[PDB]
Every structure is written in C-alpha cells, then in structure tokens.
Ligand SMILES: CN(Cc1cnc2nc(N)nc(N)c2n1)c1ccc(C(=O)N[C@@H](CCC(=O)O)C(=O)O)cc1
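Presented as structure tokens, the chain that follows is alone, the form deposited without methotrexate (MTX).
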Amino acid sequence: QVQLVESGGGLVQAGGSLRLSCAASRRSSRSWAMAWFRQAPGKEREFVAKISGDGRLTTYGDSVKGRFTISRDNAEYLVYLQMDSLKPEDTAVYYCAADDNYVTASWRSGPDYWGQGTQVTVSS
C-alpha cells in the first residue's frame, strides 16, 4: 500500500517552466516505479513519464520528450516532474501513480495506486 499526493500545479505562461512533485506516505514507496499521467477533461488520460524504484530507468511520452524530466528522492519519498518549454497542449490534470512493475507503469491499466491530481494550466 502506497498513497500519493501531488503538489506544485497552477498557472504558467507558455514557454515557461513548472515543477510538480508527488509525495508518498511511506519509506516502502522506494520499491515502486512511479509515473506521471495527465488528463484534460473529455480526453483520454495520457502517459507523461515514469521512473524505476532506484531511479536508474526513466521513460517519457513522445510529446514531452526533451522538455520534461522525471526524477525522485527516496529519502523524502518524493517523485518530481520538471516541466520546461510548456505549451498550451500541456494543460491538464497531472496524476502521479505507483506500479510495482516498471514496464506496466506507462500503461493506463498498470499502476495499482493513483493520486487525486494537480491542475496545470498553460495560457497561450
């Protein structure tokens, strides 16, 4: 069992950057792959980025590759998403998720645990 809380969302101008974080409640979170997805209302939830328990593996969705960076701090039990060069199509609710299986962490049906989300709105 893992519970997840996202912070850091809000309003940003296109071209700018924002940093999100996902806080896990327990030390054991380190054993889980963690992933960010996003969903705009009425659209399908979309994979954004994932990272292995030990931080050594990361994978990105094609539309954010080279603009976003996922990382994690297992001492504070946080996973971070650094978003650069934001575009209006990045506007969404951003969700962090945990999956004991790194490979299925990028698949909609993979993760076992989800946060409630944090809103990111890119104006332009």
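One-based numbering along the sequence shown. Throughout, rigid core stands for the largest set of C-alpha atoms superposing within 1.5 Å between the two forms.
Just so it is clear, the following notes concern the form deposited with methotrexate (MTX) bound, a form of the same protein that is not shown.
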query	finding
Pocket accessibility after superposing methotrexate (MTX) in the deposited complex (3+ atoms within 2.4 Å of backbone/C-beta)	blocked
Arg27, heavy atom within 4.5 angstroms of methotrexate (MTX) in the deposited complex	yes
Interface membership of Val120, methotrexate (MTX) in the deposited complex, 4.5 Å heavy atom rule	no
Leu78 within 4.5 Å of methotrexate (MTX) in the deposited complex, heavy atoms	yes
Heavy atom of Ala98 within 4.5 Å of methotrexate (MTX) in the deposited complex	yes
Option touching methotrexate (MTX), based on a heavy atom within 4.5 Å in the deposited complex, out of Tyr94, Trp32, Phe68, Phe47	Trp32
Joint contact, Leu4, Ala23 and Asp73 to methotrexate (MTX) in the deposited complex, by non-hydrogen atom at 4.5 Å	yes
Residue among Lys65, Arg26, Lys87, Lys43 with C-alpha shift of 2 Å or more between the shown form and the other one, core superposed	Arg26
